[PDB]
Structure formats: structure tokens, C-alpha cells
There are 2 protein chains.
Amino acid sequence: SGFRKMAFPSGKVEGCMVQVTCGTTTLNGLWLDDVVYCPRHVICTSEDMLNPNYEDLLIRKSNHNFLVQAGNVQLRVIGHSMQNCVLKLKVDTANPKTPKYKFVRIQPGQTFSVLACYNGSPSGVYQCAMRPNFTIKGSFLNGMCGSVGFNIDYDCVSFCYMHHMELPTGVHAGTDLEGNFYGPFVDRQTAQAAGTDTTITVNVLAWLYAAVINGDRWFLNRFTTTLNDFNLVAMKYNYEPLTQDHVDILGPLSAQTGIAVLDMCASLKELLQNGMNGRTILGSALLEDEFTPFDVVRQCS
Amino acid sequence: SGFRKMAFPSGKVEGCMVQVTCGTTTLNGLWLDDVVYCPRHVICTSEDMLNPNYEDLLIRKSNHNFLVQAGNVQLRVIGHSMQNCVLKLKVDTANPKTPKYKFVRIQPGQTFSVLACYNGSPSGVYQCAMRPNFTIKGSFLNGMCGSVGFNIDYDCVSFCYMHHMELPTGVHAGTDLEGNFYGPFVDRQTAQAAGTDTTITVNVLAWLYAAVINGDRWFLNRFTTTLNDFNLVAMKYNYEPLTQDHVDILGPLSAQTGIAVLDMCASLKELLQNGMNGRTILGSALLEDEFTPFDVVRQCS
């Protein structure tokens, strides 16, 4: 029993973290097989970041301009290339600690573990959600760029995030491992608008199910509702619309608890309309939306 | 920028997790050098747990009655002994993945990372606080007993917790690695009273300092107060008394922010007396007490 925000064990990812230095800039890199992945803005100076032509800046760099260091050992760079917003540094040595891995572009509302590193050294691990507006509410200091997000299915590590930028509002933006930014963000120091930060409705429901399983039942009401009726209320409180797919995904939790999804939806409606009246659910005084139905089932076997 | 509940990287601990099986019971063990540590109630059946004489139960067990398995490989048990509530199984092989480690009995209010494992396999990692009443609010399913809590100072792993029991109230109790229970708890299936769960005042203050550093300033008031005056208010809301030691520990955070500890104490007083009026601090609608001053400084470099 009990319910906590949990990351995956970071051991397999730790062994893939290296230090990439180019000129005077240092940040993190991901060493898989004979390739190191890092944010391309490693090549930029403070001044360049305002308006960088990455192609032109990359042309002034040769292989020997990239210092790749794995722990105490220096890797030989035998080729470089830019793939969207990440730099792929080819090295002569295959990482012996390379786990079985995929690169995965994850969907908004999905969760992953972040291994926060400083200049190639892992410092800690926490669980994140890719928010509907494609930002994350993480924790990244200077020299933590290139820190990666991942999920683990048994022996396979699915890397899904690389950290690149902190926006003027203090939320975080980044790419998949193919270098494509999540959301409309670019690797430039300008004012960048993140959209309205809507709540991940299916996750909130999953968490309410977790609550019931762990003996928090107070919020359960005598009402039910409909998809449309619920969604009217959802739009007002900036909740993502609930679809039949979302309903279907909650099925096992519905099955385990004996509470139909639409009944839980009605419970949520009253919580949105009346608040919590200073009570707590699973030790939180607000509605948590950074647990997927999978995360709940994982922890509520 | 940003502030998150972060665990230490679990890589060094993962490599020390093994499966211990005795009769029909299976749980986790900690393999360090040529010694495996596990909860002694591995020797108990469901029935034994009601009222076990561990000495008598241990006498019926020989070395070959303990199946110690590290991943796919079986370890040879060449000696066993009971040290308080943990079993020390001596094996013929030194763990090659043994990191530099200490055993440390931690103080109430201090934090640590928990690597939740199932039958020797790590499943996830989250940060805990040893609560003033010597319980933890963790997440442990069946076969997660023997999961360990630890801190990491550079290369050294300080193990401080082993999980043994879930109390009828659904909070968790356990031991240090010398097998001494935190709090008055025993490894027996009876009704066990945890005391009043007081709030860790110094941690709450540290978190408020973190808030200020990250731009949450709304709660800052025009008042100050005294240790005694503050503590009067602390006792009413079941907060730990604040001592000069606690004041001293907050000094660097006081120094960084320009806010004297007693001024922050006054801010906290008003928050306790008036609540939050439905606002949030660092994305929480209540006062967080599971970050130490060290945890804050670590994340707010």
C-alpha cells in the first residue's frame, strides 16, 4: 500500500552520461553505441544564443573542437553531424554499458523519468509529465542541458526527452532524441510563448482510482454524468476533453474498483465545482495530473 | 530553476539488490562484500508473524535453507546470523559491484532515497523523510520488504533504512542496517501505535526559502517574531519546536535570500493561522516538510 511519484531506476541511463565540451561551453551528452547525442547549442556562446545560424557556426567546428569525456576517459571524435536540434558526435569506441534502447517521440500527457546531470555526472532522478502545451516543470541548473528523459520496459530503455532550454517563465523545453522539439519552441534566447497549460484529465481520473484503491473514498459522490456534460465542465476549468479512448484506457481501474468511469467523472465534476474544502487526497490538497493509468496500475498491482 | 522532490541516482544500489528466499517466503536482500542483509521475518510463515520466537525459528534453519539469488546467479551461503531484526547471510563470493558504503542510523526529519524492489528486481525510486514518529509514507507492495533507503555523498553510499513492515494504518516501519527498528515498532503482526505525526518545522522553512529563490514571494509578510512566540504557535498546529540549531542550519539560505530566519518564521506563523486561501507555493496547496536545508541547497546551487 501507499502511493508515491516514482521514477524508474536510473542505473542503465547513468552509464550512458558523458560530458561534451565545445569551446567554453560544457553540457551533458548521451553515449549510445559509437554515437554521442547532445544539444547543438553547445557550439554557441552566450552572444550566439540571441540569434544563431547553427549551420554557419557548425562549419567553423571540426571533430577535434568537441571534447567528449566519459567519466575520467576521453573519447575520440571521428565524425560530427547536425540532426535537427541535436548534434550526433561519432566516436571510435562503442559504449560497453549501452543498454537495449529505443528512441521514442512521446505523446502529451505521458510521463517519464528525468536523470538530472551536471557536466556528465548524474545528480538525481524525478518523474515528469509532458504537459499538453509540450513543456515540462522540471529542475535544471546551468550545465544540466542534455539531461535525458526515459521510460523502461523490462530491459529496454526508451529515451524520449533531451533538455535544451528554460523559458523566461521558468518552465522547460526540449527535444526527442531525433532532435525535434516538443511544442513550437526553438533553441534561441528569445521570448517564446507556451500555450495555456491545460490539465491532463485522464491522469487526474487515474489518480482518483489510485486514491480509492488506497482507501481515500471521501470524494465519491451519489451522482453520475455524460461525456458531453462532463466536457462542458472540463472546458471551463481548462481540462483536456475526455474521449472514448481515455474511457477505454481506464477500464482495468474501473474493473478493479467497481466504479464506472462516468461515475468517477461526476465525482471529479463536483471537486472542480466545489473545490476540496481544505481536505486532502493521497496527501495532496489539489488534483494531481502527472500519473498515467499505466503509472497507477504499475504501483497498484 | 525549478524545484522537484528528487532521489539520488539509484545505479550504485541496484547492483547490490538480490533475492532471498527461505521456505515459501521471498523478499529483497542487500549484497555488500561477502554478506547479504535481509529482514529476519523471511524465515516466518503467515502464521508465525502473529507471535514469532525468531531464535527458535532460526534454529530450525541451516545455511542451505536460504536461497540467495543475484539476478540469474545463485550465491552459496556459508554462514548465517541474526543481528537484532536483520539476518546476515555470509556467502562465498564478494559482490564485484559493491560501492564504497557506510551504515548510518539517520535522525528524524532527515531524508533519503528509497529503491523499491520486487524479489531482487528494482522497480523504482522516490525520496522519503524519516518522520518525527519514526514512520515513513512510502509505497511498498508484497515482496518489497528488504527494499533499502540510502543517501549518496559523491562515491559513498550511506544506507540508512531497510523496509520490514506496513502498519494497520498503511504507513511503513523499518530498521537501520544494523537491524535496529526506527521508533518503537517490532517485526510482529499486531496492532502497533505510531505516535502523533508532527510536522518537520526546519524543513518547511527550508522549502519556503526554496520558494523565494524560485520567485514565489506572495507569502512574505511585514511581521517578525521570536523563537518562543513562534513555538507557542508551533505546538498548537503540531509542528516540531524550533531550536537555535535549526536556526543555525538555515543560515546559508538566510544569507542567500536576505531574509532572517525569524522573519520567515513570522511568515510561516500567518500561513498556519490563516491557511493559504487557495493559493499554491512551488505548485503545492499545502506546506511541504520532506525537504531538508541540505536538499534545498543541493537543488538551489
Side-chain angles (χ1 to χ4, degrees), chain A residues 5 7 25 27-28 39 41 44 46 49-50 85 108-109 111-118 123-149 161-175 181-200 238 284 286-290, chain B residues 1-6 127 206-220 253 256-259 264 267 276 278-288 291 295-301:
Chain A
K5 188 85 67 51
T25 320
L27 45 61
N28 300 301
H41 78 251
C44 292
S46 313
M49 284 312 307
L50 284 314
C85 298
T111 55
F112 56 96
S113 299
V114 174
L115 182 61
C117 302
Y118 175 59
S123 44
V125 67
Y126 59 92
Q127 190 82 337
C128 275
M130 178 58 62
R131 300 220 51 82
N133 69 351
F134 296 94
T135 61
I136 76 175
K137 295 180 169 290
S139 178
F140 300 101
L141 303 175
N142 189 305
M144 297 200 170
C145 286
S147 299
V148 304
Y161 184 79
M162 176 165 285
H163 177 66
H164 291 235
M165 240 95 247
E166 177 168 294
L167 305 172
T169 59
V171 288
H172 303 111
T175 60
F181 262 96
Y182 293 102
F185 308 111
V186 293
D187 44 3
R188 181 186 178 184
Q189 188 181 334
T190 47
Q192 304 195 56
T196 307
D197 191 8
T198 67
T199 302
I200 308 154
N238 290 135
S284 171
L286 52 79
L287 302 168
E288 301 293 325
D289 79 341
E290 302 212 345
Chain B
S1 199
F3 196 85
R4 299 298 303 275
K5 188 85 67 51
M6 284 186 64
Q127 190 82 337
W207 171 77
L208 290 178
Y209 275 114
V212 179
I213 294 158
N214 287 282
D216 258 316
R217 291 176 293 99
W218 68 260
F219 57 84
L220 295 174
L253 290 170
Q256 193 188 323
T257 55
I259 301 159
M264 192 62 91
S267 277
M276 294 195 175
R279 286 216 66 183
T280 55
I281 296 171
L282 297 168
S284 171
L286 52 79
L287 302 168
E288 301 293 325
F291 300 93
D295 296 343
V296 175
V297 169
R298 164 154 85 106
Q299 200 161 171
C300 303
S301 292

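A note on names: the letters A, B, ... follow the listed sequences, proteins ahead of strands, and every chain is numbered from 1. Note that these values count all heavy atoms, side chains included, but never hydrogens, waters or copies made by symmetry.
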[X] (side chain) donor-acceptor with [Y] (main chain) under 3.5 angstrom:
{"X": "B/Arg217", "Y": "B/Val212", "result": "no"}
{"X": "B/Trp218", "Y": "B/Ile281", "result": "no"}
{"X": "B/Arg279", "Y": "B/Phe219", "result": "no"}

- Message: Tell me whether B/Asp295 is salt-bridged to B/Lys5, with the criterion being a basic N under 4.0 Å from an acidic carboxylate O.
- Response: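 Result for this pair is no, no salt bridge flagged.
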- Task: Please name the pair of heavy atoms, one in A/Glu290 and one in A/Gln127, separated by the smallest distance, quoted to 0.1 Å.
- Result: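 It is OE1-O, 4.2 Å.
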- Message: Is it true that, when you exclude A/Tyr118 itself, more than 12 heavy atoms of the residues, nucleotides or ligands shown sit nearer than 6.0 Å to its OH?
- Response: no
- Task: Step through the shown structure and confirm whether more than 12 heavy atoms of other residues, nucleotides or ligands are within 6.0 Å of CG on A/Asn142.
- Result: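 Open.
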I'd like to check [X] versus [Y] (side-chain heavy atoms, cut-off strictly below 4.5 Å). Are they in contact?
{"X": "A/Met165", "Y": "A/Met49", "answer": "yes"}
{"X": "A/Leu287", "Y": "A/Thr199", "answer": "no"}
{"X": "A/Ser139", "Y": "A/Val114", "answer": "no"}

- Query: Nearest 0.5 Å, what's the CD1-OG distance between B/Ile213 and B/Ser1?
  - Reply: 10.0 Å
- Task: May I ask you to decide if the ring planes of A/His172 and A/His163 are parallel, tilted or perpendicular, using 30° and 60° as cut-offs?
- Result: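 Plane angle over 60°, so perpendicular.
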- Quick one: sort the A/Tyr161 and A/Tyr182 rings into parallel, tilted or perpendicular, breaks at 30° and 60°. parallel
- Query: For B/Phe3 and B/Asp216, what are the C-alpha separation, side-chain angles and deciding distance, and is it a side chain to side chain contact (heavy atoms under 4.5 Å, CB included)?
  - Reply: CA-CA 11 Å; B/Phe3 196 85; B/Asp216 258 316; over 6 Å; no
